[PDB]
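The chain below stands alone and is given in structure tokens; this is the form deposited in one PDB entry.
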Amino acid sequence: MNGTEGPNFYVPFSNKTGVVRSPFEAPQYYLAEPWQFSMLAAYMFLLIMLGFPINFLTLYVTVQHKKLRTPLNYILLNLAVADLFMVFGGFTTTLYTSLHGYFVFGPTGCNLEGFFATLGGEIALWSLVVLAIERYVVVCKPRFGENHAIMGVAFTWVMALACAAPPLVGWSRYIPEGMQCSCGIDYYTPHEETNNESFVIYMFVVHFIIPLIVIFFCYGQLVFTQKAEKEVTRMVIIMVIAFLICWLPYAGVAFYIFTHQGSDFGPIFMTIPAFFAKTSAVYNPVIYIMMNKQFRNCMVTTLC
């Protein structure tokens, strides 16, 4: 083992020189210089200050305008709510932690940071499953109305909770990653008390691979077989591409670590993909404004 395992942490740094301290006890300056922690804090402050207004505006515009009741409108409203939980429930702890160089709030802080990021990302992924099904129904006509959209919304919360909640209560656990200022699922240690190995296989099969199979099955039908529907289909394509850009680096590094436990990697290895993935709280409403004329017009109408 090239790192330092403690009771509830795995630091990617050798303790041969005796300098490692728990990320719940002391700033982690032995593994990165203070200016690097400051860069994480500046980044998180930007995400909060952009993320709160843009998601709140999306929520407000949608509720105000009764014409915005297609399945796409409902799904984007649901994403705005999930994004606001990411920002206030998790990112406020990411910022405080990065400011101090360690999880001042202890494991409770780590649970908040990991839980709300996992929940938000999985609501986004299962939302893309709902939209892929909706597009496949509408275009291929093998009708998806408001009732189906609302049922789809409730479905995304149930699937997302089935991924994000077990590590709070004894199946796997949330543990600090990278420079130790964010938390994720424990890919690092076997920790039989929490049955870590079976949770990770469950997560990658049920909450990554199966959703992507459905999305690409639906897309294969669309491709390998009016103007308003085209606009929606084009936007969903970009939402799926943006999701893969956002999360594939994190998913690949996580799976690498899981299959190479204790190997020689350092704190920067997981820091960059883990913090890049937090853009997930901001980008979907940006796509929305650029790619949906009706929503953009309503937003301009309300804001002006």
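Just count from 1 along the sequence shown to find any residue number.
According to the entry, the deposited sequence has 10 or more residues without coordinates between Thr225 and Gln226. For the pair 240-248 and 55-63, the mean B factor over Cα atoms is greater in 55-63. Stretches 113-121 and 150-158 differ in mean CA B factor, with 150-158 having the higher one. Among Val19, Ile287, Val11, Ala281, the highest C-alpha B-factor in the deposited entry belongs to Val19. Within the selection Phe265, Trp35, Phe275, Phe255, the deposited Cα B-factor values reach their highest point at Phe265. Among all modelled residues in this chain, the alpha-carbon of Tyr188 has a temperature factor (C-alpha) in the middle third. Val81 sits in the lowest third of its chain by CA B factor, as recorded in the PDB entry. In the deposited entry, the Cα temperature factor of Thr271 sits in the bottom third of values across the chain's modelled residues.
Compared with the other modelled residues of the chain, the Cα B-factor recorded for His100 ranks in the middle third.
In this PDB entry, the Cα temperature factor of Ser198 sits in the middle third of its chain's modelled residues.
Keep in mind that the form deposited in another entry is not shown, yet the notes after this line are about it.
Compared with the form shown here, the Cα atoms of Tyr219 and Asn55 move at least 3 Å closer together in the other entry.
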